[PDB]
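Only one chain is shown below, in structure tokens, and it's the form deposited in one PDB entry.
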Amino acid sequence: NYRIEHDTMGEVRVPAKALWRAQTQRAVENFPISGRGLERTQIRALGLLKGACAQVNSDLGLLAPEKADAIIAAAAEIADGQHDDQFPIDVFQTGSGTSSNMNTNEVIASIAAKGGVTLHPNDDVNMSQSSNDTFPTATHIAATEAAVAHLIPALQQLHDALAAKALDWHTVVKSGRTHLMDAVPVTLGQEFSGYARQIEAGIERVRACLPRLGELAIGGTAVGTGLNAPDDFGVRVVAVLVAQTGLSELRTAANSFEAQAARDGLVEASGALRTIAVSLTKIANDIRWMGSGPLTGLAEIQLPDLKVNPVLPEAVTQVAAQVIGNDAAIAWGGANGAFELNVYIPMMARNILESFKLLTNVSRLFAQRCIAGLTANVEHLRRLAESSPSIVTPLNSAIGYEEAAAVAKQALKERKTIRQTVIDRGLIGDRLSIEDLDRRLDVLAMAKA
């Protein structure tokens, strides 16, 4: 069930299956705060970084090939998600993320030992690296991957479902609403083209932050000077990471001091996620209001059943609230760096990576299980638009503003269309024909589809 690990202070107990060592177990017992550790994306990124560092240390003749091959093989297993249960240290740890860095070095040493290769976690696995430039690098690798490989395709899937609805509902005329009050006609297609643009603009916002989100601190070592690392370590590690992941957005930082003293790229990326959360709130709110009732609500559309409650718009608006909250935590940590190091990295990493994950997963669900299956109450929508006092204005040049206001008043009272009220009031004659009436009251033409 358990095994004993030793260090200079004494002994610690670790689970039998654990690949971490005494130093990681000391960190576990030093930080019992949340009971929540690193996510799979952060763990993968630490694996990718350690493998790339071993490759570069081998290329520069600084690390023996047998040792480099063992690190590269161990780090590939971590990057493949084979050791997601080997990172037990709390998110709320030493602000540089040094404990999680040491945790990766210890797990790699234990994997290589199973294959008969002895690695020193610090001297070999952390060669040319420091306690301060490793965890922020893995954070920006994970955030860049989350943006490019997962969030942008998920948002594109949502944009395509909204755009398909904009096309399908192109002529589905309805009454507009401004200040929640009756307004001139629109189409359901036009409203959905608006939602599609919000998601398209969301993708543009994510893409615009990538030149700074993809900046890596690797090679800057303890304070950003690069002391105790080869002069080209950073450019070489980044080259290996780009070739292996296909993430061309990964780059060396423009300034090695800014890359460690601050995490401004995460604050910037969080702002884009927060704007997407704001867009999603508007889209989800309109959709659940459109599907409200049926008797006591708007009853414009029908949401797919998973009393049909709008459970996916509720999941979307709750996710948006979480992204807003995480955004405030990220900015707070971001502003409070000091001199050569910002020490809020594990907290900032947790929040940014969670915001990417929640937006990715909820956007795919919302697109597939809500948007794709929406059905419109076409006749009900057209009836309300054709019954609106807002459409009596094009009758003014035929019957006058006084008679047009009388038509509007009677239509509301008798719950009839403007067309039927004009007929019932005996206004069809030489001054206004039935064809002229239908042209003047063409609600689809008023929406200017």
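Definition used throughout: the rigid core is the maximal C-alpha set that superposes within 1.5 Å between two forms. So that there is no doubt, residue numbering starts at 1 and follows the sequence shown.
If you look for the form deposited in another entry, you will not find it shown, but the lines that follow are about it.
Following superposition on the rigid core between this form and the one not shown, the residue from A164, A321, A299, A113 with a C-alpha displacement of 2 angstroms or more is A113, and no other. Relative to the superposed core, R382 undergoes a C-alpha shift smaller than 2 Å between this form and the one not shown. Once the cores line up, the CA of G400 ends up 2 angstroms or more apart between this form and the one not shown. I423 shows a C-alpha shift of 2 Å or greater between this form and the one not shown [criterion: core-superposed Cα displacement of 2 Å]. In summary, the C-alpha positions of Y401 and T178 converge in the other entry, ending up at least 3 angstroms nearer each other than in this conformation.
The Cα-Cα distance between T178 and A398 is shortened by 3 Å or more in the other entry relative to the form shown here.
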